[PDB]
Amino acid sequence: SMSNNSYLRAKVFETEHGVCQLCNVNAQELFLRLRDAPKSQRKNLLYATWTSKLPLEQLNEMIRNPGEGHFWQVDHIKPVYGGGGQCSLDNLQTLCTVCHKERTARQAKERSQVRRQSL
């Protein structure tokens, strides 16, 4: 279970410091830069880098008030087909939000494929 999310984020951060383990962006460093930029500079910063691939809805929230969870998430290293898996620390990793969303979107298709193959 990932429900104990604060705890898990902080434990993974002790080792990974908000660096995506798939694409190696330093998502925490971008968070801090955005947080401390004036709102009026945030849009151009976000569209100049890997965050440009996030949903417009999320990017609008990030311009108003960025939070750490907009930039990186903890997720499984070995997920089950369709999502889930063991939530022990040795099966967890930092993903930037763009990688996390690709993974989530893939797992929703996988859940589709599972439902299909059993109808």
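When you see a residue number, it is the position in the sequence shown, counting from 1.
- Higher mean CA temperature factor between 68-76 and 37-45: 37-45, per the PDB entry.
- A summary of the deposited B-factors shows that, of 105-113 and 5-13, the stretch with the larger mean C-alpha value is 105-113.
- Residue set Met62, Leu89, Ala27, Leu54: peak C-alpha B-factor at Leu89 (per PDB entry).
- Ranked by C-alpha B-factor against the other modelled residues of its chain, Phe31 falls in the lowest third.
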